[PDB]
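Residue numbers start from 1 in every chain, and the chains themselves are labelled A, B, ... in the order their sequence lines are given, proteins ahead of strands.
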Amino acid sequence: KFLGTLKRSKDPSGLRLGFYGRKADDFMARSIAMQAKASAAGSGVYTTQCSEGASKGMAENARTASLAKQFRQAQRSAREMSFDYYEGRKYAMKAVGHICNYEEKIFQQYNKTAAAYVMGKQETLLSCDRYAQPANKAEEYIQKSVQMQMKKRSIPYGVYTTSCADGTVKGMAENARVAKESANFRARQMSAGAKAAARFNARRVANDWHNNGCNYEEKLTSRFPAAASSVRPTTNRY
Amino acid sequence: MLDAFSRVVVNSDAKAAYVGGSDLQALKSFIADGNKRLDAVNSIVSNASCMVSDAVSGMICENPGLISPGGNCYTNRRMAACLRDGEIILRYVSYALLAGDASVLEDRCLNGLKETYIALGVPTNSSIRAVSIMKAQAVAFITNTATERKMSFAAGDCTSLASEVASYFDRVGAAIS
Amino acid sequence: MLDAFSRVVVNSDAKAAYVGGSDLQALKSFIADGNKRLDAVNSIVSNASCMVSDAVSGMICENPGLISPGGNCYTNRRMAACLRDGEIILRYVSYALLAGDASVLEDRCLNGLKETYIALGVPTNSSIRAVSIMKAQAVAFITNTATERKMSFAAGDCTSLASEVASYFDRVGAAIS
Amino acid sequence: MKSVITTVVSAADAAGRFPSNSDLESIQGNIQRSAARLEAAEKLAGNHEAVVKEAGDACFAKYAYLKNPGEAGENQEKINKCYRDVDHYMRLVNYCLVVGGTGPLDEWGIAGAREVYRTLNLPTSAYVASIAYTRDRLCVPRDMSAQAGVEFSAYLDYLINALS
Amino acid sequence: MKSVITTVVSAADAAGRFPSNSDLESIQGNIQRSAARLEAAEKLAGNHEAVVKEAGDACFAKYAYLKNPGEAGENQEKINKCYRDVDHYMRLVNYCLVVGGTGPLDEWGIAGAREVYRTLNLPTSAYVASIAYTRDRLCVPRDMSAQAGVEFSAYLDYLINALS
Amino acid sequence: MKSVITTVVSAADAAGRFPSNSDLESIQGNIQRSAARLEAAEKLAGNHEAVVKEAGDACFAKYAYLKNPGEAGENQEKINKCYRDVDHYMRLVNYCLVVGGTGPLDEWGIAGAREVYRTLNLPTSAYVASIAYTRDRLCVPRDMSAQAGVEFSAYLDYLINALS
Amino acid sequence: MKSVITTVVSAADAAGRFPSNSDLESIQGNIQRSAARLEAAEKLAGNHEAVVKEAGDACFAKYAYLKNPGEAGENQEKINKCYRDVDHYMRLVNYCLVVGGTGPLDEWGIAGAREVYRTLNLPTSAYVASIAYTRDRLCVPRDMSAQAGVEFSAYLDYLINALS
Ligand SMILES: *[C@@H](C)[C@H]1/C(=C/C2=NC(=C\c3[nH]c(C[C@H]4NC(=O)C(/C=C/[C@H](Cc5c(/C=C6N=C(/C=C7\NC(=O)[C@H](C)[C@H]7CC)C(C)=C\6CCC(=O)O)[nH]c(C[C@H]6NC(=O)C(C=C)=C6C)c5C)C(=O)O)=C4C)c(C)c3CCC(=O)O)/C(CCC(=O)O)=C2C)NC(=O)[C@@H]1C
Ligand SMILES: *C(C)[C@H]1/C(=C/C2=NC(=C\c3[nH]c(C[C@H]4NC(=O)C(C=C)=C4C)c(C)c3CCC(=O)O)/C(CCC(=O)O)=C2C)NC(=O)[C@@H]1C
Ligand SMILES: *[C@@H](C)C1=C(C)C(=O)N[C@H]1Cc1[nH]c(/C=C2\N=C(C[C@H]3NC(=O)C(CC)=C3C)C(C)=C2CCC(=O)O)c(CCC(=O)O)c1C
Ligand SMILES: *[C@@H](C)[C@H]1/C(=C/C2=NC(=C\c3[nH]c(C[C@H]4NC(=O)C(C=C)=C4C)c(C)c3CCC(=O)O)/C(CCC(=O)O)=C2C)NC(=O)[C@@H]1C
Ligand SMILES: *[C@@H](C)[C@H]1/C(=C/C2=NC(=C\c3[nH]c(C[C@H]4NC(=O)C(C=C)=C4C)c(C)c3CCC(=O)O)/C(CCC(=O)O)=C2C)NC(=O)[C@@H]1C
Ligand SMILES: *[C@H](C)[C@H]1/C(=C/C2=NC(=C\c3[nH]c(C[C@H]4NC(=O)C(C=C)=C4C)c(C)c3CCC(=O)O)/C(CCC(=O)O)=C2C)NC(=O)[C@@H]1C
Ligand SMILES: *[C@H](C)[C@H]1/C(=C/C2=NC(=C\c3[nH]c(C[C@H]4NC(=O)C(C=C)=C4C)c(C)c3CCC(=O)O)/C(CCC(=O)O)=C2C)NC(=O)[C@@H]1C
Ligand SMILES: C=CC1=C(C)[C@@H](Cc2[nH]c(/C=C3N=C(/C=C4/NC(=O)[C@H](C)[C@H]4CC)C(C)=C\3CCC(=O)O)c(CCC(=O)O)c2C)NC1=O
Ligand SMILES: C=CC1=C(C)[C@@H](Cc2[nH]c(/C=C3N=C(/C=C4/NC(=O)[C@H](C)[C@H]4CC)C(C)=C\3CCC(=O)O)c(CCC(=O)O)c2C)NC1=O
Ligand SMILES: C=CC1=C(C)[C@@H](Cc2[nH]c(/C=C3N=C(/C=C4\NC(=O)[C@H](C)[C@H]4CC)C(C)=C\3CCC(=O)O)c(CCC(=O)O)c2C)NC1=O
Ligand SMILES: C=CC1=C(C)[C@@H](Cc2[nH]c(/C=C3N=C(/C=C4\NC(=O)[C@H](C)[C@H]4CC)C(C)=C\3CCC(=O)O)c(CCC(=O)O)c2C)NC1=O
Ligand SMILES: C=CC1=C(C)[C@@H](Cc2[nH]c(/C=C3N=C(/C=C4\NC(=O)[C@H](C)[C@H]4CC)C(C)=C\3CCC(=O)O)c(CCC(=O)O)c2C)NC1=O
Ligand SMILES: C=CC1=C(C)[C@@H](Cc2[nH]c(/C=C3N=C(/C=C4\NC(=O)[C@H](C)[C@H]4CC)C(C)=C\3CCC(=O)O)c(CCC(=O)O)c2C)NC1=O
């Protein structure tokens, strides 16, 4: 029984919910970033916080390092888009805290909204390794060895698997290189009232989302909170 | 991800069969022309800065309807993507001549290309006309029938690799459509 | 990051100099000993899983004070970390025999390592005592002076290679004390 | 796959650059070694049913406690399905002996092998000691060449270093 | 550095694994190629000075517009600065033929070439005019050997292909 | 579109708040400035080919190396290819004077501009070698005055800084 | 702050770029504004305590429920403390009037207005009536011009809508 419209092994992505749901997925994803950028330039001033380029040739190619990354995370195979659809229902449900029923049914249906609330709240709370900084050499080498085991997701077998390709054209890597060392100089101080909005919620990202137990590494964020937000255990495969 | 060595393996995996002695004596045919495979990659990668500029100026003189305003390579920004789109198509097909298998192309660029070009409006007829220059440049470069530079090596067979790079350049059109 | 080959080109640009013929005899010493050294890097990695199964068990049959209640390697939340702090060492010494220069050890793990350990409360007197065993594992594995392990290669000496593996096991000892 | 082709063209993919003389020095080692290093791959698949017959029993020759009640090999189909798992670790070695790498052994053998064995009450030392017995079975006459057995002794020891 | 023995000792870093039995086939293939390429690197170390001036005329024999005021080749200090960077650009591929690949050029030469020749207005078409005139002086007599000029004319047109 | 209109209301759009009283003086900034920034456009709305002809191969006058076999301007539709890019430039600065700022060059002329003549091996200073031939031609006799000669040198000096 | 200068120098900071002509056009209308707008900066200095005294007691007249127990005005120190907050308010609505933008209303007036009156049990409805005896007083009879009166209530009940 066949010869109609049903395939025997086609290539979906899973996650599909019809044609009338991806418009409601992407518009409510864009409403998350409408509310997430209400705290960077929410006063009415683009701060020292955004900084889309450093020089003349560093602005307009930071767009092409953002929609090629939209295309690099669109040609994923049938496992790894089945993977994070079930992981957006786990990780981003640990972002609201109060399990409320209205934003229960939305976040476990609309996975682009689920992959933007966990990414929006990690830039409102300045808790990436683009905003963090050490003070000790003991704080230093613990922080960069969690970043060394964060590359085990990208190369898990001895091949790089193209999801940290960081550049398509023959000089895009060294334009992607100097923007990183400028962004730790752009997020070098951020305020005088910063390094406590960049430090105290760094002990409110790890210890309540991921490690519900394991009181030794809960007590190491109290020692060194630089590795507490450079951990990135949200599975973005990077 | 996958090669000509690992195409005999993944085919024999499906029959649950060991790799024997006569299935893989065609695998040392790949080693008998092995320095032919490596004398013919340097002709393509050392001319690959001319070859993207020969192709993106090549296709526009036959259809100058999309450098017109309202076209699809009109703007200098719109042309800058075309020097970034077609630069990596010859970068990915330089891997498949080395790898011996046309599945480097299938999963780094070809997946997701065909539903972006219906969203970014790219015409399909003009795109394969750009790739059809490059299959003629590649057969002109890996033997010594080129325009100006002759990569003079110790000569012999060259056409068994020339149909192979014709068999890797055609399938860009297979998913551009 | 760096190797034996690019070490001499930084010594070129102390003065912006070149590498000629008699500037190449330091690198002719490495291109001649090429089948010795590749037969001394697989000798390490074939049994490094037992080299960590000997060393930290040799740490306790020399001083069993770390399995004391209140010790540093008491529970398996602390024992499995000790089977990781030694395990990444034998990766990094094995590249230094490959690269011909201790570089990758100094870049990745032994900058601030003793400043890291004393904030973890790590007793450093057991630390050198664990890897001084590892200095003698490698000189008795690239030579065939093991008890039952006999990975017998072809004839010829590897005692100047035994001189240089202890030149990649000394720099860890000046970095954890 | 972790062939010698794939680790030098994916590193160029992660910079977005063309193949170089770096990458072409890799392939000359896959010309030079493959006139010795894949020449045992005929003779692992010439006889394998005469070779894993010496690897299937040698588990039970030194682990006779498995053929007991209340353990793994209770009836004879757990003595007969127990032999294809040691046959499947020999098809993965001559797959690895031709591709130039530990590609299929890492991704089909040791991928997820921590969890299926401990759940089914199956010890990993029954797997390891049965085919570490097939590492004292090597010489230059009637086996492969002297610089071809070390290309075969490293792939058995890749299993033993990773199942441990 | 982007050498092949520097690449695969960083590919085994990021997964946390040993040097496997694929990456050390490439290190044998370096010795297959360094038997016929560093024997072509003492020859350009034999002439640091004869092969900069013929490239130094090849940027001036066709570009006679530099001696106009307000341009690159103003006076003789601006034409002896013209020589010393192709003295650098043959010092740079001196290092490439003794290390193993495109190591120092991606670090020191081409990184920042997009904005040292746009802000200082140095004409980059005269840079590739000099080194291509060095490229066709290779011959079957009179030079390095027939498998030694493959690698000299591999990084020479690579630096042409970067700036193009 | 970078202007005094869209950017002062995208400043209200970033915060997620109302249109504010800081916006209303910046649009008063182009209530008053459109007696000269709207009165420099029409001097080149009736002068299109008279500008680009004598200025266009004034580039070719000062550069006697763009005509050779193996070079750019060999034949005349490629000279018209050189000419039509200068036809696009003062076309685009007509749109800059009538929106509010450098916006219609910031998307349509200068975005992604610096590499696409470099891959086309064109001298990017040779575009600048005719706009500075055109920048000095502002004059309070024969044209609009020097308070409107600051808005034809508000957009022809940003174009020579874009290729710098 | 959030001034008209500190908006247009932030948007050019938002990409890391030069201040172009649209940023220079964005303060040219302050020449057409601060010859008239800054004339309203004196009328609240001439009435420091004259206009806050007759407006604030009428808030006590139409909201006469602050004489009950549990309210603010149960004694004499909350009589003065209602008044001096408006002495901070009418300084800061003058402080946006002397800088142009919306800075000192948002840097020191409203950023945290949701929390400082609910735990303190002070009504935000009384702050609507605090300016509703001042918004209905802008008469160009017996005062100065409506050229400095297009913005003044448009700051003042915009302060209400910030607290609303
Ligand atoms: C669980 C809920 C507990 C809880 C937690 C707390 N969260 C806090 C702050 C906070 N939450 C979020 C997460 C938000 N992001 C998000 O997407 C979302 C849910 C989504 C909707 C979808 C949506 C709508 C929906 C309706 N619009 C309606 C209006 C009308 N309908 C009519 O008929 C007319 C026209 C009009 C009525 C006059 C309506 C009735 C809707 C349905 C609601 C319903 O059925 O329940 N509309 C639109 C379109 C526009 N709205 C909009 O917001 C945007 C732009 C994005 C547009 C174009 C959309 C998209 C939605 O997105 O709004 C939620 C909740 C975030 C990001 C924050 C931080 C910012 C903030 O402060 O809000 C807080 C406060 C503390 C803090 O940290 O700030 C808490 C305590 N709250 C609880 O009480 C629960 C225990
Ligand atoms: C505590 C006893 C837990 C528990 C912990 C385990 N974590 C393992 C791996 C792992 N953990 C983290 C986060 C953690 N590591 C850090 O360095 C810091 C900050 C200083 C934190 C919060 C990461 C990022 C990883 C992956 C690292 C890697 O795998 O290389 C783990 C497995 C060991 C290992 O694989 O390294 C364990 C057992 N698990 C538990 O059962 C309790 C509750
Ligand atoms: C800080 C991140 C911002 C908030 C908050 C906001 O609402 N807008 C941001 C500030 C800002 N930055 C610029 C300039 C650029 N923005 C760029 C990235 C955009 N280009 C893209 O393709 C995408 C993906 C959809 C984005 C976000 C780039 C690149 C620039 C440089 C200019 C360019 O060449 O495009 C602006 C624009 C106004 C201005 O005058 O710069 C704003 C408001
Ligand atoms: C770069 C200059 C290379 C090179 C490239 C080759 N191009 C070949 C054919 C070819 N080239 C073009 C583009 C050119 N011709 C035009 O008519 C126009 C403008 C309208 C341009 C820019 C076209 C259209 C074609 C035809 C495609 C075909 O071959 O059918 C080619 C092969 C034949 C030949 O040698 O001409 C090569 C090798 N040649 C070089 O030497 C440098 C390195
Ligand atoms: C001292 C450390 C050892 C020892 C080493 C020797 N090994 C010799 C030769 C040799 N080693 C290998 C394998 C190696 N080469 C590769 O290409 C690869 C990877 C694919 C590996 C692992 C081969 C193939 C050879 C043969 C080369 C030949 O001789 O034709 C060797 C002889 C060379 C010399 O004498 O300098 C020595 C001494 N031998 C010992 O006795 C201890 C145990
Ligand atoms: C002559 C004085 C010039 C010169 C011009 C050439 N330009 C060539 C290609 C080209 N130029 C542009 C920029 C221009 N065209 C547009 O459509 C727009 C925006 C709407 C602008 C600013 C573009 C986009 C292109 C690519 C299109 C194409 O290749 O035709 C070119 C080569 C053409 C060819 O070989 O087919 C030349 C010779 N070159 C010079 O040497 C001076 C500086
Ligand atoms: C009178 C018409 C009001 C009212 C005023 C009261 N405020 C009281 C305390 C208070 N208010 C603020 C915020 C306010 N004061 C300022 O100076 C500024 C701007 C610079 C603002 C927005 C603060 C920070 C405080 C506490 C500090 C202090 O006043 O010493 C208050 C006393 C409450 C109490 O302490 O019990 C009164 C009566 N309250 C009203 O009921 C109407 C609405
Ligand atoms: C790496 C080191 C290195 C060098 C030392 C020089 C090698 C070199 N090239 C030339 C220079 C030349 N040599 C020749 C002669 C030749 N004989 C022929 O039959 C052919 C046409 C051609 C090479 C096989 C010609 C025609 C020139 C001048 C033209 C030119 O340089 O392009 C000269 C000077 C005259 C001579 O000795 O020939 C030298 C020393 N090039 C290098 O790359
Ligand atoms: C924006 C509108 C705009 C135009 C329509 C053109 C106007 C214009 N100027 C010149 C060109 C000229 N006009 C003059 C004479 C002048 N007498 C003076 O007092 C000044 C120095 C100068 C006029 C400003 C000279 C000397 C030249 C040639 C060099 C030059 O460009 O200044 C030409 C070509 C030949 C000619 O007819 O003179 C044109 C069409 N330029 C513009 O910028
Ligand atoms: C206040 C709100 C606010 C933000 C969040 C950022 C949003 C933002 N992030 C990046 C750029 C980046 N942002 C991240 C951050 C993350 N990527 C992840 O996958 C994690 C979930 C997350 C925190 C670790 C990283 C890793 C980059 C580098 C390139 C990229 O991956 O996008 C850029 C490009 C330029 C730049 O670096 O600033 C911007 C605008 N800007 C803002 O104004
Ligand atoms: C991030 C990558 C990385 C390194 C660069 C090295 C170095 C290193 N070791 C430890 C951490 C440690 N290393 C040891 C090991 C020992 N301590 C002793 O007393 C003995 C001398 C020795 C046993 C052999 C112990 C016990 C810990 C701390 C674990 C704990 O206290 O819970 C840490 C901090 C936490 C951690 O990541 O484990 C780091 C960065 N190990 C790594 O994982
Ligand atoms: C890629 C390689 C590859 C493999 C290794 C196997 C791996 C494998 N083995 C078993 C399953 C099994 N494997 C064994 C094997 C053994 N028990 C012993 O004591 C001996 C050491 C050994 C063989 C001589 C046994 C006895 C079971 C059955 C377990 C059970 O049913 O409890 C299963 C589950 C299927 C089942 O239980 O029926 C799988 C996936 N398959 C593969 O595709
Ligand atoms: C070791 C690294 C190293 C390099 C890669 C080069 C690159 C380089 N060149 C120059 C600087 C220069 N390079 C040149 C060279 C040339 N111009 C031409 O037209 C010819 C094609 C070519 C020589 C044949 C000239 C003329 C200058 C000086 C330009 C100026 O001062 O404005 C500078 C600035 C410092 C200086 O020299 O004053 C640098 C870093 N020089 C280096 O030190």
Original post:
What do the steps show when you test D/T102 against E/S22 for side chain to side chain contact (heavy atoms under 4.5 Å, CB included), and what is the final call?
Top reply: CA-CA 7 Å; D/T102 77; E/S22 201; 6.0 Å; no

To the nearest 0.5 angstrom, please state how far the [atom1] atom of [X] sits from the [atom2] atom of [Y].
{"X": "D/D23", "Y": "E/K2", "atom1": "CG", "atom2": "NZ", "result": "10.0 Å"}
{"X": "E/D57", "Y": "E/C59", "atom1": "CG", "atom2": "SG", "result": "7.5 Å"}
{"X": "D/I5", "Y": "D/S10", "atom1": "CD1", "atom2": "OG", "result": "11.0 Å"}

For chain E, which residues of [range] have at least one non-hydrogen atom nearer than 4.5 Å to it?
{"range": "residues 62-100 of chain D", "result": "D/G100"}
{"range": "residues 38-55 of chain D", "result": "none"}
{"range": "residues 141-164 of chain D", "result": "D/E151, D/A154, D/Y155, D/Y158"}

Original post:
Hey, are the side chains of D/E25 and E/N30 touching, using non-hydrogen atoms and a 4.5 Å cut-off?
Top reply: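 Contact flag for D/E25/E/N30 side chains = yes.
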
**OP:** Name the member of D/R33, D/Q32, D/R37 that forms the most heavy-atom pairs with chain E at distances under 4.5 Å.
**Re:**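 Answer, by heavy-atom pair count under 4.5 Å with chain E: D/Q32.
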
**OP:** Specify which of E/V4, E/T6, E/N21 makes the most heavy-atom pairs with chain D at under 4.5 Å.
**Re:**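 Most heavy-atom pairs within the cutoff with chain D belong to E/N21.
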
Subject >> Option that, when pairs with chain D are counted at under 4.5 Å, heavy atom only, ranks first among E/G103, E/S20, E/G101, E/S26 >> reply: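 Looking at each of E/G103, E/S20, E/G101, E/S26 in turn, E/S26 comes out on top.
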
Subject >> For E/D13 against E/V9, the heavy-atom pair lying closest together >> reply: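 Reported closest heavy-atom pair: OD1-O, 2.9 Å.
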
Original post:
Do any of residues 108-140 of chain E have a heavy atom less than 4.5 Å from a heavy atom of chain D, and if so, which, in residue order?
Top reply: none

